[PDB]
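Protein chains in written order, with PDB author numbering: chain v, 4 to 83; chain u, 1 to 82; chain y, 2 to 87; chain i, 2 to 206; chain q, 63 to 123. Accompanying notes for the structure given below.
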Amino acid sequence: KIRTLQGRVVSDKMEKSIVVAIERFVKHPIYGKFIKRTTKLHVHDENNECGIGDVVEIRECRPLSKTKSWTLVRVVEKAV
Amino acid sequence: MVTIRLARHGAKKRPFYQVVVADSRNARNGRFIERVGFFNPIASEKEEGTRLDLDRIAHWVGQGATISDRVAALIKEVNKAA
Amino acid sequence: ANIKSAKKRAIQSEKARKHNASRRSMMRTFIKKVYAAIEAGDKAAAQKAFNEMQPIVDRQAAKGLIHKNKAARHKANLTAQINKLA
Amino acid sequence: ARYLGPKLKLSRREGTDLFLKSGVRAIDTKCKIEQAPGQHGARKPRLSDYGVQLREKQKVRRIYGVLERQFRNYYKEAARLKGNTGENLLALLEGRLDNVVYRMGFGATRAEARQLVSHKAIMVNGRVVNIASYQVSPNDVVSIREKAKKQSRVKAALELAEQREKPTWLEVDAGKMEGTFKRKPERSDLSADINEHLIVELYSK
Amino acid sequence: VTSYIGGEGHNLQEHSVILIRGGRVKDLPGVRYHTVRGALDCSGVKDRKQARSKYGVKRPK
RNA sequence: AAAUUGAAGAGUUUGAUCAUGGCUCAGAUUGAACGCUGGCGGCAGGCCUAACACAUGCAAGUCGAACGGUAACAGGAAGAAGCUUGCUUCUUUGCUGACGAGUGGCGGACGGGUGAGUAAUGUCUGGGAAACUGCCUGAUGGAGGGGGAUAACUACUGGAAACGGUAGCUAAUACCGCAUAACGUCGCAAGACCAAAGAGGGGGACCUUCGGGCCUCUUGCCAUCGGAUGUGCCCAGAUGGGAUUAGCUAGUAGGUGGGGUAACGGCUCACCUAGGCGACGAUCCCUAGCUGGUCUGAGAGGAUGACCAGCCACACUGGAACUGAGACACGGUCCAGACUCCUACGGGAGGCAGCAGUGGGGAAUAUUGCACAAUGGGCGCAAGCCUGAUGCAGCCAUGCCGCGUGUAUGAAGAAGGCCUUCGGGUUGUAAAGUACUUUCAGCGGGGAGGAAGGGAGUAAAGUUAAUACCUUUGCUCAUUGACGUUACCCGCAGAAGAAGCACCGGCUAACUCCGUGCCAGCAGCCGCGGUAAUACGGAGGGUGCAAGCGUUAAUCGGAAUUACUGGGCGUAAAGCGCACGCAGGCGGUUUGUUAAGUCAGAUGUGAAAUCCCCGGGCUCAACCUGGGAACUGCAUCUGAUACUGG
Ligand SMILES: [Mg+2]
Ligand SMILES: [Mg+2]
Ligand SMILES: [Mg+2]
Ligand SMILES: [Mg+2]
Ligand SMILES: [Mg+2]
Ligand SMILES: [Mg+2]
Ligand SMILES: [Mg+2]
Ligand SMILES: [Mg+2]
Ligand SMILES: [Mg+2]
Ligand SMILES: [Mg+2]
Ligand SMILES: [Mg+2]
Ligand SMILES: [Mg+2]
Ligand SMILES: [Mg+2]
Ligand SMILES: [Mg+2]
Ligand SMILES: [Mg+2]
Ligand SMILES: [Mg+2]
Ligand SMILES: [Mg+2]
Ligand SMILES: [Mg+2]
Ligand SMILES: [Mg+2]
Ligand SMILES: [Mg+2]
Ligand SMILES: [Mg+2]
Ligand SMILES: [Mg+2]
Ligand SMILES: [Mg+2]
Ligand SMILES: [Mg+2]
Ligand SMILES: [Mg+2]
Ligand SMILES: [Mg+2]
Ligand SMILES: [Mg+2]
Ligand SMILES: [Mg+2]
Ligand SMILES: [Mg+2]
Ligand SMILES: [Mg+2]
Ligand SMILES: [Mg+2]
Ligand SMILES: [Mg+2]
Ligand SMILES: [Mg+2]
Ligand SMILES: [Mg+2]
């Protein structure tokens, strides 16, 4: 129901914060080629149950700091 | 506040008003929330000269949109006609 | 000022500033008293200042300079400080 | 805003009769319309692909008495409208007030019809119109005004419009000097010596 | 720049105000512009009958 | 029923041909300039450069139904003082008309102008919570009781002026504390705290200090929660070039606590962690307001931001803050710098990138014009005032559209000119002559529409004690236009007052002589002139356009010549000298699962404007307008599972 975005994590070397990467599959407006574009975001991962590589799911709630407005919901793909 | 008023969009010596709901702090023919009918003082016979939307006018006056002088003098004519 | 309206409005504004400066400084001093009592570490002295600063920080909200949200935030912060003291 | 000069040099240049004369005098007796005008009409020059299209468009323009800008506007309207572009252009050209009144027979020539239209003698649907380019709609009522019904040239044109061809899309009556535009003329109804494709090819550039 | 005077006869000399338009001369290297006659000081060609507008010549009576 | 009506090549490498490829040309458009010419009307446009500085006039004022009062007028309401039986004086103006200045609140943050800066803090599309809101409006409560002054005014007094100072006089919707006040604030609760302004028309009795008390109507005053508008903030995707700009960032990334904003947030502070951005272009340089839109293009695309409309930024330059709900404010404040101006030398005044207009720049961009009569704004309950926005007038052919500059006859094929083979033809029905019209320009009359509103009375309804006073509904007389010698119609007479420009060797529609002789000169290309020039200048003739014609500057097409639609790499330009390989690109075959892309349907939005389709109004058109379609996009929901993807 609530608009949520699933993406792979990049870094977790921050207090209560991680860096997620989203791979949106879009088509080139000119050549019609289907490429992938990064959508790197900073997520306020309270109680960081996340490492590197595992995919997570985030939702936008409100601006929590200067450069993040997203919060974690669930962790799927946790096994490495 | 929101006000029902006119907006000239015709030509020189041939006016044609588009009755619209617009904020008071706006130009005569600038930005308006919605368009409600029209008016033509030089409209010939056997043709529409006023097509006000009384339903929308009532809806806006229920929310507090004030009606200007000419549109107030035209809504009564519309009610008298039909 | 060229226009008479602007010429009189400048005098109006400077007189309003002169009047409001004293009123703002008064409540600033009263809030400073509460903060000093809080940092002192006395619950009784903190409340004895809070219960009299509250009327002067609430009467101006529906009077001008300060706002309801600002008054509520200041009152909540001071109440939290009093509660956490000692 | 109209041609003011010889009415037979254009016909000689085009090579055929442009109907710019009333018809009382024979076209061959009126002028030596066999060759192009000027001092070099004896030679027969081989006309190019652009040349034939330009000559056709100029012939149509001079026959209908319009200018280049008005002809371009009419072509744009024909292309905008649905159906055959050339047929629509021909119908629009033969829909002007001067053209329709000439076809009815109130004017000797195109110039005479245009002058009658301009001088406030033609009335359409009981309304005074002095526009030579005034388009006429189906089921209209063109009529000579009461003041101009007693014109010697008008009645001469009325009596001289009979011995020539008669359009089958107009309802004319000289007793009251009035006519009705029953329906839009067709390509077969109009002249068959005009190449429609040349004009559209020329204007496709 | 270096312009090219058109026609025959030009009273212009040093310290003369002229008007310059585009258009070069094919058979002259370096020139890329043309002095337009009938300008502030560039007088038109005398006794001109054809294409008088291109050389700034008053219409004869 | 319609929003699909869409695709042109040519010249030039060579003794000759093909292909590649370069240049140029035909077409359309502009905020256009230049040269020649030039009649009218309608609709639009008119500093693209010096955001160069400004003489001068006007652009934001109004409210006495808030208050003290009367400095000009009038009724001199009005007792009125020596009343010339209208003459003068205090005045009465918390009596009525009204009123310069003053206090108070409202408006100045709207309207108007510009694109310097900003390549992202800006703009467009789609979402979100963490907040405000004068004026508009709904619901529920209340307006009880007093103070201290202050401007005006008055006596001085410094300065040339800007401007001030000194002691009282005094007002209120200016200010403040009491008391009441929760669905308001704080607080887990208990509990603690926060507001006020009165005015206007009347009225019998009850009434009176003889000013009045009291009832109703009218508008305000407050506290809370709502509706609309305006907003402030965040995220996602897009928004010029340069890599001959490759590392940048230490309040910088995050965290704890405090402070701050109406609101979330390193917005800020103290501490701790060493992180964050970056070949999906970080950082830096130049350029540039963005969008709907406009031109061109069949389409995809390219260029562009003229007018109008939505947003942002700016107001001599820079910094700052206050009043104000709303500004870090064009005609508000303070300070620093330049400029200009007055001076008694001590000291002061101003910011046209507003309407006009001035001085310079330029190739060029308008009159120091009328009116609030309408549409709106600001003030006022109203009447009423302001409004260089707006409605309009003036100039310019700057663009589009329409009309005219006569028509039907008219072969003695008049005269003259042009060439000629001297017999001829061309100008040419062209001209002259005859007949017939008067559109447009001029004169004289008639004459709509843009006018709905407002005041004064009258009948009815809502009101109360009331036939007073108010509001509303109909009725009758007053009324109102700058445009405006309006659009338009009618009579006068006369064919008058009304046509020029470019080109003519091929591209491209148009040929013959005269004057020179690679000289004079033409030119976008091919190229011409050395005595036969259809290419130079003129003449005759012809072609195109038309109140316009050509040149110039820019854009798109042709250019399939940046090719995603739509190219090539053996020899014209194009396979790295070869191999390995990271990121990346793609990927054999079957099943099940997911449904991210993809496919179907629905919802919201994709502003208005503009294009297109069907109709209407301007006598046609330009132009305006109603509806439809379209806005090719995005987000969400419900399904389909063949393909790609997990
Ligand atoms: Mg024209
Ligand atoms: Mg067609
Ligand atoms: Mg050759
Ligand atoms: Mg400018
Ligand atoms: Mg500019
Ligand atoms: Mg300036
Ligand atoms: Mg004025
Ligand atoms: Mg201001
Ligand atoms: Mg700029
Ligand atoms: Mg008050
Ligand atoms: Mg109280
Ligand atoms: Mg009180
Ligand atoms: Mg914090
Ligand atoms: Mg193309
Ligand atoms: Mg702009
Ligand atoms: Mg100014
Ligand atoms: Mg100006
Ligand atoms: Mg100059
Ligand atoms: Mg007005
Ligand atoms: Mg004034
Ligand atoms: Mg002769
Ligand atoms: Mg009228
Ligand atoms: Mg040539
Ligand atoms: Mg191309
Ligand atoms: Mg190729
Ligand atoms: Mg090679
Ligand atoms: Mg080679
Ligand atoms: Mg090799
Ligand atoms: Mg190598
Ligand atoms: Mg899916
Ligand atoms: Mg879909
Ligand atoms: Mg019509
Ligand atoms: Mg739209
Ligand atoms: Mg699969």
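For each residue, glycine too, the CB sits at the ideal point set by N, CA and C.
Rounded to whole angstroms, what's the CA-CA distance from residue i to residue j? Just pull it up for me.
| i | j | result |
| --- | --- | --- |
| u/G37 | i/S153 | 55 Å |
| i/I195 | i/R188 | 10 Å |
| v/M17 | v/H45 | 10 Å |
| u/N29 | i/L159 | 56 Å |
| v/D57 | v/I33 | 34 Å |
| residue 115 of chain v | v/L75 | Since the displayed chain v opens at 4 and closes at 83, residue 115 of chain v lies outside it and no answer follows. |
| u/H9 | u/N40 | 10 Å |
| q/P122 | q/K111 | 8 Å |
| y/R24 | v/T42 | 52 Å |
| i/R165 | i/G42 | 30 Å |
| v/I55 | v/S14 | 6 Å |
| residue 89 of chain u | i/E147 | This structure cannot speak to residue 89 of chain u, because chain u is shown only from 1 to 82. |
| v/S68 | y/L66 | 30 Å |
| q/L81 | y/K8 | 54 Å |
| q/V79 | q/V98 | 11 Å |
| y/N70 | y/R29 | 16 Å |
Could you tell me how far apart the beta carbons of residue i and residue j are, in whole angstroms, since I believe they sit closer than 8 Å?
| i | j | result |
| --- | --- | --- |
| v/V79 | v/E60 | 7 Å |
| i/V102 | i/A92 | At roughly 17 Å, the Cβ-Cβ gap does not stay under 8 Å, so i/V102 and i/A92 are not in contact. |
| u/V19 | u/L52 | 6 Å |
| i/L191 | i/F182 | That belief does not hold up - the Cβ atoms of i/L191 and i/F182 are roughly 14 Å apart, past 8 Å. |
Let me make sure I understand the geometry here. Which of the options has the alpha-carbon closest to that of residue i?
| i | options | result |
| --- | --- | --- |
| i/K10 | i/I34, i/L159, i/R128 and i/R26 | i/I34 |
| i/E202 | i/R73, i/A27 and i/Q36 | i/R73 |
| i/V155 | i/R26, i/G176, i/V61 and i/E57 | i/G176 |
| q/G100 | q/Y66, q/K116, q/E70 and q/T64 | q/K116 |
| i/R3 | i/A112, i/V137 and i/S144 | i/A112 |
| i/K206 | i/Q54, i/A149, i/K183 and i/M178 | i/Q54 |
| y/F31 | y/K49, y/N84 and y/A17 | y/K49 |
| q/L90 | q/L102, q/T64 and q/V98 | q/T64 |
| i/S119 | i/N140, i/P139 and i/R97 | i/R97 |
| u/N26 | u/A7, u/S44 and u/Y17 | u/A7 |
| u/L54 | u/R14, u/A81 and u/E47 | u/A81 |
| q/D103 | q/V87, q/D109, q/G92 and q/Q75 | q/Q75 |
| u/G49 | u/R5, u/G64, u/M1 and u/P15 | u/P15 |
| i/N126 | i/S138, i/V143, i/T110 and i/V173 | i/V143 |
| i/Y204 | i/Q40, i/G24 and i/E78 | i/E78 |
| i/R44 | i/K58, i/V67 and i/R14 | i/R14 |
| i/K185 | i/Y51, i/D141 and i/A133 | i/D141 |
Would a C-beta distance cut-off of 9 Å place residue i and residue j closer than the cut-off?
| i | j | result |
| --- | --- | --- |
| y/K44 | y/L79 | no |
| q/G84 | q/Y95 | yes |
| u/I42 | u/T3 | no |
| i/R63 | i/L19 | yes |
| i/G106 | i/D99 | no |
| v/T7 | v/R65 | no |
| y/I83 | y/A47 | yes |
Using DSSP's beta-bridge definition, name the partner residues of residue i.
| i | result |
| --- | --- |
| i/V143 | i/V125 and i/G180 |
| u/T3 | u/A22 and u/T66 |
| q/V98 | q/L81 |
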